[PDB]
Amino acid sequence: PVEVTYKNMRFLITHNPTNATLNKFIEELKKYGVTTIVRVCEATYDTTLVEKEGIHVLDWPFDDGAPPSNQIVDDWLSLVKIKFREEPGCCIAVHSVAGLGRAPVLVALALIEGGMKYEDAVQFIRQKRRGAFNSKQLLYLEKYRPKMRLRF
């Protein structure tokens, strides 16, 4: 369970919780300023216990091996743009099952879209999630084309 940081952003990647992890998974989150968690992998637990905790749970699962939607990209970006400004020094926990694939991509995106070449972003994430990213994923980031409409 590692967290990154760029500019005013602070993402936390996580180990997909069980259904018995929760109460302590939320205690953990609760103490990371994580006011939002974007599920990317298939949901494997309630979100009521979470929601009833103040943590907003947005889940947009997608085929592990399939480039992360086209739409999702925009909700992420649109979400990211805001929050970090809405609540300064907060945090977005993005988690997938393994958290070395889709979870990083998402994060690796905001880090691009918000400046930083993709290489600088892959190195940056691997710096804190050794092994993260695979041939496909990489290929896809390389091919990603940012709008770069992010001003800080």
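From 1 onward, residues are counted along the sequence shown.
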Handout entry: Average Cα temperature factor in the PDB entry - higher stretch of 123-131, 106-114
Key = 123-131
Exercise for the section: Would you tell me which stretch averages the higher CA B-factor in the PDB entry, 79-87 or 24-32? Expected result: 24-32
Handout entry: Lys136 - Cα temperature factor, lowest/middle/highest third of chain
Key = middle
Handout entry: Record-listed C-alpha B factor of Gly101: chain third
Key = middle
Completion exercise
Chain-relative C-alpha B factor for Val4 (record values, thirds): the middle
Handout entry: Among modelled residues of the same chain, the CA temperature factor third for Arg151
Key = lowest
Exercise for the section: Place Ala93 in the lowest, middle or highest third of its chain's C-alpha B-factors, as listed in the PDB entry. Expected result: lowest
